[PDB]
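As structure tokens, the next two blocks hold two forms of the same chain, structure 1 and structure 2.
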Structure 1
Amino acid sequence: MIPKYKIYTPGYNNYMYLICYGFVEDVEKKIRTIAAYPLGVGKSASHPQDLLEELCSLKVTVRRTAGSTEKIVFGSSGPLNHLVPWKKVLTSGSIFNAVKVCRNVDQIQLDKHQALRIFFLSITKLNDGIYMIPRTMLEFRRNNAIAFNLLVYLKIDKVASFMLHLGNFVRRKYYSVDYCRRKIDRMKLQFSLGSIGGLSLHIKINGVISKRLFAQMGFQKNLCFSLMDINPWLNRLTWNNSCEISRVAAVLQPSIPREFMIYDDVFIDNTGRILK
């Protein structure tokens, strides 16, 4: 009923990333499912309430289609005033993979018209931009390597976890929890939340990092990971619910599948610093 917003400031924040959520309903109100409509970045100094109220006035059509996977096409909308920085997305058709932006696309009807009734807006205040490690770099696996993964635990208003990959180290040696904790502590990792793709985890490397790992991170000290890519099912649970990082552990694992039969995981609990 009452539309709401949430703002995140991970890390002169002139840029704002927007993602809104709405009920997909029969225009004819039978609710079919909830869907996310990512709008991307725009330079804006408008207050969230003004952006939220203008988004709620828009008429956005929802059409279900297929390619290699199920897709959702959000129809063009307008007119705009505070949302003019996002006019490229809002005034044209936008197509997304249904798995990422909807939990029950199987319930959206084809024989009757469907519309999105926006009820929530999530905002990430940015310095813009966000850097993400390329998908091909994240998928690289090698023999005799230790994948440096992080296990993030979220408290949602329910405790849940998601895992992300930072890079690999070459394996030598008994990797104790104490030795690894010392090396990871020297990196001075800082974690914070955003809403890029629903929920995003932002990492700032504030300490020392080896040249090998830094090269795998594109020589970037600020990294962003979207829960939409890590786990799109858990991502749905964070959309219009307040989230907080409760704990972060580092999990050092083998890199190739055959080495999972040989080497067990090294679990280093409570790594880094959560920026409140």
Structure 2
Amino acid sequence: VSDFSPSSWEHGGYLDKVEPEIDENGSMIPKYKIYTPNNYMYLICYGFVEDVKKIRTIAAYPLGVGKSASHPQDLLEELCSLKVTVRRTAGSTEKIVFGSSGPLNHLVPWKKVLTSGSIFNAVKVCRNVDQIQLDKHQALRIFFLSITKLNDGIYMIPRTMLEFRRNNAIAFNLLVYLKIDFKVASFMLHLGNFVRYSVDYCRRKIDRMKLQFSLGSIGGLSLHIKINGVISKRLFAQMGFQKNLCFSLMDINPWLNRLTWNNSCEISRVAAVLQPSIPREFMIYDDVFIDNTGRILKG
């Protein structure tokens, strides 16, 4: 467990609070913000969920990655002219369903999401889903469009994560602390394994990497790592031109949304946690409801 220097997160370690703005005459004026931690763009908008004037709550509507040359003000204005419905319902978990909208022009790169209904896990796109009505029609009045520019870099979600188990190796784990306007949350993630080399030797290799950490708004909150120094011949062959790693933090740690919602978020500490790797023989139990017989749960 060795701490990185604060300079490694100073430049981009801050994510601004999502907030509506007013014009000179007090009317809400939609806005956008671009994070670049420029044609591939991730879009996520925020709006008021209202009756069809009464404001029930705020909700996020992720649109995903699209390739576009349109100016962000044209993406924003077209988005605010759409009629987006909001429903609170359930599948396995409680859901927020956004209705279909159209026609599109500047937003055609995000048509897969916008032109048909979209079902989201309510916990990832809203803190207080219980405020959305079940007996009244609801609609989204968008006030902010968050944009994060991507480089077609390594972008991770739980299903694309690689195997972390290894038998004779040192795991390079990363412990990150977030200060929320103060409340402090922390999480750990596995970066890789240094296959067998002492823990101190591994630390010197990590110092030479000159890692930089920053935050983005992919999924509402993402962690971006950039290698500004040097890496091994084996890791260099695996990665090639890739120097950037990005993690969708609301998909890995959905519990973060309840904490960062409607608040500013910033990296306050980052530490390398070098531990023996978890052996391949150990069993992964993602679900606590385990069935050792064959009779209660299939495969």
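All residue numbers here follow the sequence of structure 1, with the first residue given the number 1. Here, rigid core means the biggest group of C-alpha atoms that superpose within 1.5 Å across both forms.
For the residues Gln49, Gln220, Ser44, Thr61, superposed on the rigid core between structure 1 and structure 2, a C-alpha shift of 2 angstroms or more shows up only at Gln220. With the core held fixed, the Cα of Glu139 is displaced between structure 1 and structure 2 by 2 Å or more.
Once you line up the core between structure 1 and structure 2, the Cα of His202 stays within less than 2 Å of where it was. The Cα shift for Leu164 between structure 1 and structure 2, taken after rigid core superposition, is 2 angstroms or larger. Once the core is aligned between structure 1 and structure 2, the alpha carbon position of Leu237 differs by 7.1 Å; this is the C-alpha shift at that site.
Relative to the superposed core, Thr271 moves its CA by 47.3 Å between structure 1 and structure 2.
Aligning the rigid core between structure 1 and structure 2 leaves the CA of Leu193 offset by 2.4 Å.
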